[PDB]
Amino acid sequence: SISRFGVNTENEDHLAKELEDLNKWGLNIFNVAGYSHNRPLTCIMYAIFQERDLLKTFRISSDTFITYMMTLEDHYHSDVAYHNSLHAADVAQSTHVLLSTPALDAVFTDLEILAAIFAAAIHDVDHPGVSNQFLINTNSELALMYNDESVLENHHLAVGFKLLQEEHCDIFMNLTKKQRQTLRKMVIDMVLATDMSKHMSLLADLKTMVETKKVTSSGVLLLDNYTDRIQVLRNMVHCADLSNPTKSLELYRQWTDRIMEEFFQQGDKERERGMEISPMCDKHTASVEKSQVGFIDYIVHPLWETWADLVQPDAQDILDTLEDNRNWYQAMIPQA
C-alpha cells in the first residue's frame, strides 16, 4: 500500500495528515500535490477507492489501479495552468464528497459510485488549455476529428477509455460485460455533460426536477429509475467541476490565478494568430475580479442554489461560502 511517491520521509506523514480530510469539502488538494511529488490525481484516487472499498468491491488489483492512474495523470499537461491533473484530482475528491451528502444516502449503486468518480478523474485528460471554440476556429485536428461537437469532451473520454485497452492498465477487467457496458454509458454521459455549452440546458432540466422532487419521510430523495439517477449524477459531476468558488477563499483564489493564467494564454495565442481576441482572454483589458463576480452571478450561484435546493439542507454552508466569496471579489473591484 503506497504511502509516498518521493524521497521525502517527512512527506509520508504530512500526506497522511492532509488525507485525514478526504471526506471533507475543506480538503486542500494543493497540499496533497505538494506532499505526493506531484501525484495529486494518483494519490487522491487511491485514497478515495480505499475509503469506499471499491478495489475490493470490483476486484481491482491495487497494482493495476496505480499503473492506470499514474498514466492517466501523465496524460494531463503539467504546462497547462488550470486544466491539469490537480484540477482533475480536485473534481474527483469533490465528487467523492457530494456522493455522501445525506439527502442521497443509499440512492446510488456501487457501479454508479465508481462511474461517477472515474468520470471526474478522466473528465479533462489531455486538455490542451484552449477552448472548444478556439479549436473549431483554428481548424484543429481535434475539431476535424469531432465535427466541432463537444470537441474536448469527446477527446477526454476517448483518451480515458483507450488507456484501459492495455491489459496492464485494465482496472475494469473483473467487471462483467454488462457492468462494463453500463459503466461506459454512464461515464460518457457524465463527461459530455461537463461541456459548458450544455450548461444552460442542464440547469433548466435540473431546476425542473427539483420542482417535482420527492423527499421521503426519512429525508432521502426518491430517485427510483435510472433516468433520474444519471441526471443527478451528471449534475453532481458538473457541480464538482464548477466547485472552485464554493471552497474556502484561500483555495478559490489559487484556482482563480490558474484559470486566468490559462485564459490569458489563449488570448495571447489568438493575438499571435491575428485572430479576434475573446474578451475574457484578453490580459490587456479583462478584469479578473469582475470575471469571477460575473461567473458566480450568472453561472455558479444558479447551479449551486439549484443543487442546494435539491439536497436541502445539505448544501447550505456551500452557498454561504459562495456568497461570501462573491462578496470578496466584488469588494475587490475599485468601482461601486
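Numbers follow the displayed sequence, beginning with 1.
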Mean C-alpha temperature factor, higher of 192 to 200 and 80 to 88: 192 to 200
Mean C-alpha temperature factor, higher of 140 to 148 and 176 to 184: 176 to 184
Can you pull the Cα B-factors for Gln266, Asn132, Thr227, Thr71 from the entry and say which is highest? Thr227
Using the entry's values, work out which of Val210, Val97, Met260, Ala116 has the largest Cα B factor. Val210
Among the modelled residues of its chain, the C-alpha B-factor of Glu250 falls in the third labelled middle
Third of the chain's Cα B-factor distribution that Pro40 belongs to, per the entry: lowest
Taking the C-alpha B-factors as the PDB entry records them, is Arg234 in the lowest, middle or highest third of its chain? middle
When the modelled residues of the chain are sorted by Cα temperature factor, does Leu310 land in the lowest, middle or highest third? highest
Of the three thirds of its chain by CA temperature factor, lowest, middle or highest, which one includes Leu242? lowest
